[PDB]
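# Fold and contact review
Single-letter residue listing:
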Amino acid sequence: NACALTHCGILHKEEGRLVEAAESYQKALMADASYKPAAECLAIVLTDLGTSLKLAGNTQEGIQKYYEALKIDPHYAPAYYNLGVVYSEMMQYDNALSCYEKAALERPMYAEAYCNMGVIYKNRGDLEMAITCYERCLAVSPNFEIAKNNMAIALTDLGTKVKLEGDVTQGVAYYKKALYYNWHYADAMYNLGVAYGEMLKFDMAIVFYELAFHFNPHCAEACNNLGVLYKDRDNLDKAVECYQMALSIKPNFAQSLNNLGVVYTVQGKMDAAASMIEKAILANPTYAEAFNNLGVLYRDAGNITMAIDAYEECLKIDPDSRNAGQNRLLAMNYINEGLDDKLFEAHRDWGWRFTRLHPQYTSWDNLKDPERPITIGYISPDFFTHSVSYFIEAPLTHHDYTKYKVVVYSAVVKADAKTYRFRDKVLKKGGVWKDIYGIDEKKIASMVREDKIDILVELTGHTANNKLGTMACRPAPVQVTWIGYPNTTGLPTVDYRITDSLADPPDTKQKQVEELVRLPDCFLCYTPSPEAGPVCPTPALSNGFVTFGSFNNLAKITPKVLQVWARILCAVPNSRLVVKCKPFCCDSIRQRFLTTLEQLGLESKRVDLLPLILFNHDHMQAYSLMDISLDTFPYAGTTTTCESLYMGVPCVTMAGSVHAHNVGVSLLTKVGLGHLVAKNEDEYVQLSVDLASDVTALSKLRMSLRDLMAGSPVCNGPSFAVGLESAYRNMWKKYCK
Amino acid sequence: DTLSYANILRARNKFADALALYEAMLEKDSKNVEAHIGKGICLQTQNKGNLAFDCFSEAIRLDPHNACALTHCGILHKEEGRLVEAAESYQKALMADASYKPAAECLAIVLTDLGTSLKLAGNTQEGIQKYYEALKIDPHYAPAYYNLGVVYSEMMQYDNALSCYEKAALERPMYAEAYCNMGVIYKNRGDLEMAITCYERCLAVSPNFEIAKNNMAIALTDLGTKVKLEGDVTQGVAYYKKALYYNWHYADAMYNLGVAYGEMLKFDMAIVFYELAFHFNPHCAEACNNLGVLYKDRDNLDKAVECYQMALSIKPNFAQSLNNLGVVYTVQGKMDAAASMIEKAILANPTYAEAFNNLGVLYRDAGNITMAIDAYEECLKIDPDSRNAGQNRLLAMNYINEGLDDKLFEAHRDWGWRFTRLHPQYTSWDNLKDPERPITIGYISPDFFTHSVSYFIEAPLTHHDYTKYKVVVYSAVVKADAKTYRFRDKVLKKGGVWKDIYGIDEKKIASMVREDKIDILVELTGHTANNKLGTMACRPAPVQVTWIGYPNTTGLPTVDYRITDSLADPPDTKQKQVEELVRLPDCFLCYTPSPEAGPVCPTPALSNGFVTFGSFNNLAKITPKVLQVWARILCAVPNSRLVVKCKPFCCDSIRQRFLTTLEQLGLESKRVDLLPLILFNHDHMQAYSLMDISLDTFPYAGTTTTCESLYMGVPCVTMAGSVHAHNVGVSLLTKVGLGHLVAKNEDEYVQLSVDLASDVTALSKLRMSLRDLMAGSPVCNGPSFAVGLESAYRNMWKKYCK
């Protein structure tokens, strides 16, 4: 009785007696081989046995039982599925794929076969077809979770692949589809975020990153990116918070280490910045930007030599690093006195390389008429409350706008009342302001060409955010540099340079690539600020001793200056020095500086280190706290000396062999105080002691300084303007020939 | 020189040395008030509160007059929490010196603190006056103005609040809280522009002040909703995203983005944003509702049910979710649960018209025709232009309207007039009025799949002289299948011009049909579901014909002719219709047998020893009036068994109701086998082995069911009546040659049924020979039917040309 045997086999299977069920089905099929139900039940029992053996570790017995089942019933899709699974466990990926294909040909509702084939194929990287397999799976069953998750993963991988080839839009589309299949997928959100960041969306980049972090609190990359976006929005506190979270998750994420170091540098917390950057170097030796940031941190912190060394390693890692090279040259300007031709050669080599990777123009449509109206463009990122602004203000106001059309290219990152006032003055005379912050160098060159300027004046040189890349294009028929840098730009593309006969004597030995154009009178036209207040009386009259001071930065105070100041203060009993500068907000810097002076035998008590109290009026009045300003070398001050003079504190400087050194000589002699210019360190000491010995002469000098200078040419805007215009006309006439 | 040197030394961050000098001065200079003051200040700055208090007390004892000493005493009192004492010292100092500034500002501070204390005590007027006194001693003190603004705001003096916060903002521009509160007040007045501006100022001062960010996000979301309501959806989305910038987890902004993208048809993004909105605000039931709608429209019914169950778990009386869940259950066939859902939706909201429409359709499927009709009339009371409600209402009335008056015709006429007054039409055609050139025949219908209409339209589709009547098919089929594709091949292999028109519009379709130069437009659908009567409302074709899609008048004056025969619609029929009836010589239907019908088998009664009646008609046709007649039949015939097969029986509720009805009518359920809808065509066809005699329904006769019965050799008993739908069976049976099986009344019907039941043997023989008899009859005479239909086309076209 085939029916009774089949029912017995089914009952045995229901009781878990798979062997007895198989035996009963075999007997039934021996009695009637056409009894389809008996064959089906036997195949079922054989598949159950095979699955038990597979899970029991009897892989070979499982395979054998599956082959027997598939020989008994070909149409039994589950046997094909189990065979494919076993072959996958056997790493027979092609055999597994074939088994799943057969199973899908047999079972029309076996979506798991599509899922597993898609997974296996994904493991070999043929993403698109596997995705098609998942599409078939979800077309059969649209709620199968595991398949949705694999669909999202595969779509994210494909979107990343396609984006890396440059089709950002298709990558974004794949990420959005992935989020359609799995909304809480951190990788999709993160990738989408970076994609938006690339296409300058910012807003949604931030939103996406925050969501990605919310759904996966282990994506330090998301935190770091978010911190970067907030930093670029000037929300420094949020940026710090984000980076701190990133480091709390990954205490070695080198990129976040550098970024946090930079933000601390902006806030001026120098010791923490140093520690973070050093940790970044410890974590990454190839991360050039870490070396550049370390070099800037050393530069402002005064450890100059170490700054040059750090930039040198940076250029060993990335020889094209623009920032590393320019900061290196700027730092060298602080200590390389005129002796050798190493700074000059460095400038020449750097300019030649910059010209090699940056081609320039070769023709100009400027009508070569020596007498027609000349268009002068002044370019600078420093038309804000910055040292340079204290001088360029003079030409902005005292210039003829009838034949010298002035156009200003202000790259100021943050305007202010002074920015607005400057634009107002320039435009009121007929100027065409042009805000260029963020604009690509090449586009700036094109814009300059379109406006058809004649004399292009670069005002920053190798300082932060410089625009020498625009100058390399040679957009204007004549390019000059003036105030932003006291040495050669090194660019052969600049035609001439403006100077005076005192900063650069006709016999100067400092080699430079540029031809010096010496103005008749002084080349510095300091515009006194109206917030200077009254000339405070000589402190010596009320205190009873001379107080030296120096309102310069740390980069300019080379150890040699420290030796000279220690000699001065030891040689003059009862005399105090009150240096003031921004980095003295850090206690560690104060301690190190005090110890450094102590090794020179000077009692720290006499010194009065002060931070950069951000108070314009109070900054001006602070010269009421000192009696004699002592200039630094080999990088003498320019605005600082002007401030000293205008507040009645006499400044003593030293002459030297390079423009950067002799700027103070030029200024002091041209203000008619050349008798306070020492020629050497010994004469410097003698002058300092002599000035310190006569408090009454000091009082007379202070009370005379404001009116003498106000009547002196340094403040005679009209005459300086006439000289400058004549110089411009002369260079233009030379060019016409 | 000593006092000057001490003061300079104290100013030069040399507090220890200055303190030592002050000590040696109070020692040497026993009554040196200035030295006592210097010592007090240097110790206070050294956090020597006790010593500072001692020095200040000694200074006051020596000089009770100098304003500086009293100022230092007052500040120390404030640091010690002696607000009162500080205040008295301050008044004394003011009386001593009115020019001192530090005392003035610190005095403003202490009095504003006092005013705040009194305000907290409820002494609002005393606080206000104290603040005014402070501002009189120092107008520049912004915090006093801020306090005034707060008190006036809580005091509902909003204009005064603005004035106060503006005086504060002038006196202190970096006072973020003033901007925040100003923005909040403007938010309260409905104006969101200036409010956003105030929040922008606040964030321009302090971007980390989160409270202003949240309030800004709220304001931007409201602004986005407003702008969207104005029409500009892109700007709305822009505002929503800018909002979601300030509060990345603001769930409501995500929900509104979901809505905005849904309107844009970017459904995938809509899903993402609705799911996120729900994730951040579980209480946002509306997000679940709309998510369920989107998933339902993607045919993912299980997820739609899940989403609606969540919406109802949040708001059980959320009418929209109740209605949509009811519809989803309707598609799945959970008829009783659907009924309960829709009824609860109505109970929660009585004006939700579409719920009334869905209730009416559900009851019509359940056979309660009266209640379905009633629900449709209620719907039309709530919404009178509900096109679907009207369509279902007329269709439902066709199931129980026994021809006894002209009210149905009146309703159809008025409804068609409504359509003609809410639709325009053309008046000229360039089609050459010629009776010899090949005419263009359009068949338009959504039923070109496994539907009743197909089983009849297939025959002409197979037999159309293509050299004369160029066939154009306008298919509104929604879901195709193997049969649909097979039909496509059949139409496209004989030179037909197929045109898929599903899912676009009515007006544009009519215009395209006119471009197609269709000569006669034929509707095959009637007032059923997915009809396209709106196209004909435009009158796109010069000739309009309705073949079977509707068994009664369409009521549209725009339809010229309705195809019928002289038996279903006798020439003397009294039912008026707007259309002209065209009677074909033979039965107006040509049944195309299924190529899967298979063979016939031995009569069941022969093997079981008892006669089995049956009805495969849907429950909608089995009105409560036929049930009594059927009970009479089964009682009159000893040992008979009734098999009824209708879809809605899958639900136990309807089954039980039907059984109860039969039991109260005098019949034991044990004789009644109720079978639900079977799965595949084959088994449905084979189910005819379960019945011996088909019993036709009235006043709506079967059409496909009757044809199938005659095919498979199961005789059907029908009766003639006053309406076409009743006489369809009469026409069919007469034209097959079984006119002796046509009853004229209920009693003749009973007698005929008994007569057929009395002779099992002859019944079996007839059953055997019926397939060949009918196959030889005109109902299967494709050539003759085609020729007659061609003649009909020629006659109508010639009539039109003249």
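- For this deposited structure, the header cites cryo-EM as the method used and 3.9 Å as the resolution.

## What to know about the overall build of chain A
- Across its full length, chain A holds 33 helices and 12 strands.
- Restricting to contacts in chain A with at least 6 residues of sequence separation, those with at least 24 account for 63%.

## Considering the overall build of chain B
- When its secondary structure is counted, chain B shows 37 helices and 13 strands.
- For 802 residues, the compact-globule estimate of 2.2 N^0.38 gives 28 Å, and chain B exceeds it by more than 25% at 45 Å.
- C-alpha atoms of chain B, sized along the principal axes, occupy 150 × 65 × 45 Å.
- For chain B, long-range pairs separated by at least 24 residues make up 62% of all intrachain contacts whose partners lie at least 6 apart in sequence.

## Observations regarding the environment of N252 of chain A
Residues and elements named next belong to chain A.
- Tracing the sequence through the fold places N252 in the loop between α14 (236–249) and α15 (254–267).
- Between the C-alpha atoms of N252 and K279, which are 27 residues apart in sequence, the distance is 8.2 Å.
- Apart from the residues lying within four places of it in its own chain, the contact partners of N252 are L257 and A283.

## Some details on the domain arrangement of chain B
Residue and element names in this part refer to chain B.
- Here chain B is partitioned into domain 1 (2–173), domain 2 (435–584) and domain 3 (606–774).
- One C-alpha centre belongs to domain 2, the other to domain 3; they are set 31 Å apart.
- Taken together, the contact pairs 15 residues of domain 2 with 13 residues of domain 3.
- Counting only elements with at least two residues in the side of domain 2 that touches domain 3, the list comes to α25 (454–462) and β6 (561–565).
- Ranked by residue count, the leading element in the side of domain 2 that touches domain 3 is β6, at 3 residues.
- A per-class count over the side of domain 2 that touches domain 3 returns 6 nonpolar, 5 polar and 4 charged.

## Here we look at the packing of helix α3 (residues 36–56) of chain A against helix α4 (residues 59–72) of chain A
All names here are of chain A.
- Where α3 meets α4, the axes come as close as 8 Å, and the angle between the chain directions of the two elements is 165°. Between α3 and α4, the angle is such that the two are roughly antiparallel. In the packing of α3 onto α4, the handedness of the crossing is left-handed. Across from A43, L46, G50 and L53 in α3, the residues of α4 making contact are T59, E61, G62, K65 and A69.

## Let's talk about the interface of chain A and chain B
- At the interface, 21 residues of chain A touch 19 residues of chain B.
- Mapped by element, the contributors of at least two residues to the side of chain A that touches chain B are α10 (168–181), α12 (203–215) and α14 of chain A.
- Ranked by residues supplied to the side of chain A that touches chain B, first place goes to α12 of chain A with 8 residues.
- Residues that form the side of chain A that touches chain B fall into these classes: 10 nonpolar, 4 polar and 7 charged.

## Notes on the domain arrangement of chain A
- Per the domain assignment, the segments making up chain A are domain 1 (2–164), domain 2 (192–357), domain 3 (374–519) and domain 4 (538–713).
- For domain 1 of chain A versus domain 3 of chain A, the distance between C-alpha centres works out to 78 Å.

## What about the sheet that holds strand β11 (residues 693–695) of chain B?
Residue and element names in this part refer to chain B.
- Ordered by their spatial adjacency, 6 strands build an open sheet running β10-β9-β8-β11-β12-β13, and the pairing between neighbours is parallel. Since the sheet does not close on itself, it has two edges, and those belong to β10 (672–675) and β13 (742–743), each with one partner.
- Relative to β11, strand β8 (residues 611–615) runs parallel, the two sharing 2 bridges. The residue of β11 that forms the bridge with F613 is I693.

## Notes on the side chain of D631 of chain A
All names here are of chain A.
- With respect to the element layout, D631 can be found in the loop between β10 (628–630) and α29 (639–646).
- There is a polar contact of 3.2 Å between the side chain of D631 and the backbone nitrogen of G637.
- If we ignore the near neighbours within four places in the chain, the residues touching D631 are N552, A636, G637, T641, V652, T653 and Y684.

## Notes on the sheet that holds strand β4 (residues 455–458) of chain A
All names here are of chain A.
- Overall, parallel pairing links the 7 strands, which are arranged β3-β2-β1-β4-β5-β6-β7 in an open sheet. Only two strands of the sheet have a single neighbouring strand rather than two, namely β3 (434–435) and β7 (515–519).
- Note that strand β6 (residues 496–500) and β7 share 5 bridges and pair parallel. Across the sheet, residue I498 finds its bridge partner in β7, namely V517.

## Here's the deal with the packing of aromatic side chains
- Geometrically, the ring pair formed by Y261 of chain B and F273 of chain B is stacked, given 5.6 Å between the ring centres and 15° between the ring planes. Of the two residues, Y261 of chain B is situated in helix α15 (residues 251–264) and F273 of chain B in helix α16 (residues 267–280); the sequence distance between them amounts to 12 residues.
- Ring geometry for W415 of chain B and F419 of chain B: centres 4.5 Å apart, planes at 55°, overall tilted. Note that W415 of chain B and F419 of chain B are positioned in helix α24 (residues 407–421) at a spacing of 4 residues, about one turn of the helix.
- Pairwise contacts between aromatic rings join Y390, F391 and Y526 of chain A into one cluster.
- Sitting over the face of the ring of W352 of chain A, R356 of chain A holds its NZ or CZ atom 4.1 Å from the ring centroid.
- Directly above the aromatic system of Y646 of chain A lies the positively charged group of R706 of chain A, at a separation of 5.1 Å from the ring centroid.

## Some points on unusual backbone geometry
- Backbone torsion omega between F633 of chain A and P634 of chain A reads 0°, so that peptide bond is classified as cis.
- Mapped onto the fold, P634 of chain A is located in the loop between β10 and α29.
- Even without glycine at this site, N47 of chain B takes up a positive phi of about 65°.
- Inspection of the secondary structure puts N47 of chain B in the loop between α3 (33–45) and α4 (49–62).

## Examining helix α17 (residues 285–297) of chain B
- Under the 1.5 Å per step criterion, the end-to-end length of α17 of chain B is 19 Å for 13 residues, consistent within 8% with the ideal 18 Å.
- Positive backbone phi, at 65°, marks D299 of chain B, one or two positions downstream of α17 of chain B.

## Re the packing of helix α19 (residues 322–335) of chain A against helix α20 (residues 342–357) of chain A
Residues and elements named next belong to chain A.
- It is at 11 Å that the axes of α19 and α20 come closest, and there the two elements cross at 160°. Our classification of the angle between α19 and α20 gives roughly antiparallel. In the packing of α19 onto α20, the handedness of the crossing is left-handed. Contact with α19, carried on its side by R322, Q326, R328, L329, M332 and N333, involves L343, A346, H347, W350 and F354 of α20 and no other residues of that element.
- Counted by class, the contact of α19 with α20 contains 6 nonpolar, 3 polar and 2 charged residues.

## Topic: helix α13 (residues 220–232) of chain A
- The first and last C-alpha atoms of α13 of chain A sit 18 Å apart over 13 residues, in line with the 18 Å expected at 1.5 Å per residue.
- Immediately downstream of α13 of chain A, the backbone of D234 of chain A shows phi near 65°, a positive value.

## Some remarks on the pattern of salt bridges
All names here are of chain A.
- For the salt bridge of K250 with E221, the shortest nitrogen-to-oxygen distance reads 3.6 Å. Pair noted here: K250 is in the loop between α14 and α15 and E221 is in helix α13, with a separation of 29 residues, a long-range link.
- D435 serves as the salt-bridge partner of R423, at 3.4 Å between the closest nitrogen and oxygen. Of this pair, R423 sits in helix α22 (residues 417–428) while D435 sits in strand β3, placing them 12 residues apart in sequence.

## Notes on the environment of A725 of chain B
- Checked against the element boundaries, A725 of chain B lands in helix α34 (residues 724–736).
- Other than its neighbours up to four places away in sequence, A725 of chain B contacts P551, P699, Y700 and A701 of chain B.

## Describing the pairing of β4 of chain A
Residue and element names in this part refer to chain A.
- Sheet topology places strand β1 (residues 374–380) next to β4; 4 bridges connect them, and they run parallel. Counted as the bridge partner of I379 is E458 from β4.
- Examined bridge by bridge, β4 and strand β5 (residues 478–481) share 4 bridges and lie parallel to one another. Counted as the bridge partner of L456 is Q479 from β5.

Cut-offs applied
- Residues numbered from 1 in each chain as written, not as in the entry; some residues may be left out.
- Chains lettered and ligands numbered in written order.
- Heavy atoms only, no water.
- Residues with missing side-chain atoms left out of burial classes, pairs and counts.
- Helix = DSSP H or I, 4+ residues; strand = E, 2+ residues; numbered from the N terminus.
- Contact = heavy atoms within 4.5 Å.
- Rg over C-alpha atoms; globule rule 2.2 N^0.38 Å.
- Domains from an automatic or database assignment.
- Nonpolar A, V, L, I, M, F, W, Y, C, P; charged D, E, K, R; others polar.
- Axes fitted to C-alpha atoms, helices over the stretch in contact; angles between N-to-C directions.
- Parallel < 35°, antiparallel > 145°, perpendicular 65-115°, else oblique.
- Left-handed = near helix turned anticlockwise from the far one by under 90°.
- Pairing = 2+ DSSP bridges.
- Polar contact = N/O pair within 3.5 Å; in protein donor to acceptor, adjacent residues only side chain to side chain.
- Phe/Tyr/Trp six-rings, centres within 6.5 Å; stacked < 30°, edge-to-face > 60°.
- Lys NZ or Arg CZ within 6 Å of the ring centre and 35° of its normal.
- Expected span 1.5 Å × (residues − 1).
- Salt bridge = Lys/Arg side-chain N within 4 Å of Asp/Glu carboxyl O.

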